[PDB]
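Below is one structure, written out as structure tokens; comments come after it.
Quick reminder, even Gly has a Cβ in these numbers, built from the backbone with ideal geometry, and neighbours come from all protein chains shown. A short reminder: the numbers here are calculations on the coordinates, not readings from a lab.
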Amino acid sequence: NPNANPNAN
Amino acid sequence: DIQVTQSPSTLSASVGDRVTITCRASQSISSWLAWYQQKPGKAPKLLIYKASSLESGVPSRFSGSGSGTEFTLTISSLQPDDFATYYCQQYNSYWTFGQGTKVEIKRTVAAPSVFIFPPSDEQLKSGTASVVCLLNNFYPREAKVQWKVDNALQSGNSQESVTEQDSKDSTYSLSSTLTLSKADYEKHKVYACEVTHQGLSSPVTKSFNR
Amino acid sequence: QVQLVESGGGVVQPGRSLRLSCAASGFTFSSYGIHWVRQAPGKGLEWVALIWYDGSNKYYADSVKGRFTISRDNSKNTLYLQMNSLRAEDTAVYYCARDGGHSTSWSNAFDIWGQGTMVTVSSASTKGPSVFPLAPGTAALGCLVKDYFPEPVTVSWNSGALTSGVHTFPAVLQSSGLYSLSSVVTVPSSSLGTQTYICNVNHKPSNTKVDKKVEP
């Protein structure tokens with residue numbers, strides 16, 4: 001999914 | 001592919017007016033729609049995210065509404081620094097932006113002052129001829145400029161340039177430049193620039209004889 | 001303060017390669033996914049690529065897939081975009097833009113943008129402009145500033161003493177690959193033989209300065 005969140009968690 | 005189209009493409013309005021602009025997605029994007037403001041040559045600025053959420057520090061006169069395929073951005077009362085182009089963007093499937101809505105300063109209709117300039121004797125020494133037609137200080141922006149050489153309508157050999165709205169009087173100016181080889185230029189006599197504009201009750205022609 | 005700074009833009013010939021970069025400061029760069037977005041002259045915004053915070057997942061637009069490569073070096077707080085086999089239509093201002101991080105369960109709108117870096121894809125050689133007069137109760141006159149590369153040129157009138165009523169048009173790219181513009185000014189008819197009018201044209205990239213007096 002390209003629209004998945006791109007940031008650290 | 002998800003497309004987003006904005007309406008209208010240009011919106012004329014005055015300070016203090018309320019403006020509502022629309023953005024339609026080709027298929028449902030749920031609430032994944034964002035609104036950005038961009039001034040010419042500047043980085044875009046995020047105004048609204050998730051359809052209606054106001055980004056931190058953005059003035060409260062900006063509000064967003066909608067879900068699914070129909071979304072809108074409303075400026076409750078335009079301020080002078082709000083004249084700009086506004087872009088919506090869907091972040092549901094990849095990232096696609098709209099074509100932009102230019103929010104422009106409204107003013108009274110002003111017909112253009114039209115001028116034609118033959119090519120310089122200096123340039124003609126060099127092998128190319130440029131004929132310039134100037135439309136000065138007009139409003140609204142829509143204007144048609146046609147070139148005629150010995151009554152032959154010219155096509156493919158002209159280029160237009162338009163200034164941004166004058167900061168003082170909110171008018172436009174436009175140049176149309178006809179490029180010909182000196183041989184072609186010296187083959188003809190009458191060079192005419194014909195201008196159509198809302199402020200003109202009938203088209204205006206400026207011409208010279210070579 | 002949070003800031004993104006793009007670098008690398010310049011004139012590059014078609015078919016060649018160019019590595020843009022984007023340096024971040026004022027926030028934990030290694031925590032954020034970052035996008036490249038571009039805007040061609042006169043056109044709208046076009047998303048180009050995304051890289052995840054650790055440089056793992058990478059997404060590209062179909063228009064750049066296979067030619068552009070996104071990467072990052074978190075130890076240098078820097079993002080890169082390697083562009084190969086450049087085409088003329090890649091001419092654009094390129095922005096880096098941060099995922100806003102409003103929600104952890106989806107990607108987000110782009111909150112922080114850089115100022116942009118301009119990439120001009122052209123094989124045109126550097127050339128200073130030819131300046132031709134546009135000879136003249138109001139009369140119009142001007143200067144045609146033709147065949148120069150690359151951008152920009154500045155035009156003043158009477159060494160800056162004349163600014164009222166001046167319109168300097170944006171440059172247009174001619175089919176020769178060389179830019180051209182006119183600068184015009186409306187003045188009184190009554191002093192056309194009395195008042196001297198000179199356009200001062202400065203082409204910074206070519207070390208060219210031209211003064212052209214414009215007369216009837």
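Only one residue of B:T171, B:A152, B:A192 has its Cα farthest out toward the positive end of the dipole of the stretch B:113-209, where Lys and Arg carry +1 and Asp and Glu -1 on Cβ, and that residue is B:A152.
When you have a sec, figure out the Kirkwood radius of the stretch B:38-100 from all distinct Cα pair distances and drop it here in Å to one decimal?
On the way: mean 1/r = 0.0787 Å⁻¹.
For the stretch B:38-100, inverting the mean 1/r across all distinct Cα pairs yields 12.7 Å.
In peptide C:107-120, what is the residue-averaged number of other protein chain Cβ atoms found within 10 Å of each Cβ? Walk me through the intermediate numbers first.
Working: counts 11, 10, 15, 8, 6, 2, 7, 1, 3, 4, 0, 1, 0, 0.
Average neighbour count from other chains, rounded to a whole number: 5.
For C:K76, which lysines qualify as cross-link partners when the Cα separation must be under 21 Å and same-chain residues fewer than eight apart are set aside? Those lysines meeting the cut-off are C:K58.
Normalising the average separation of contacting C-alpha pairs (under 8 angstrom, six or more residues apart) by the number of residues puts the relative contact order of the stretch B:38-108 at 22 percent. The Rg/Rh ratio of the protein assembly as shown, with Rg taken over Cα atoms and Rh as the Kirkwood radius over Cα pairs, comes to 1.01.
Entry note, chain B: relative contact order of 18 percent, from Cα contacts under 8 Å with a spacing of 6+ residues.
Spatially close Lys pairs in the stretch B:78-184, defined by Cα atoms under 30 Å apart and a spacing of eight or more places or different chains, total 9. Reducing the stretch B:134-175 and the stretch B:97-129 to their Cα centroids gives an inter-centroid distance of 4 Å. Taking every Cα-Cα distance in the stretch B:113-209 and sorting them into 5 Å bins starting at zero, the pair-distance distribution P(r) comes out as 3, 13, 25, 23, 17, 10, 7, 3, 0 percent.
A Förster radius of 41 Å, combined with the Cβ-Cβ distance separating B:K106 from B:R210, puts the computed FRET efficiency at roughly 0.50.
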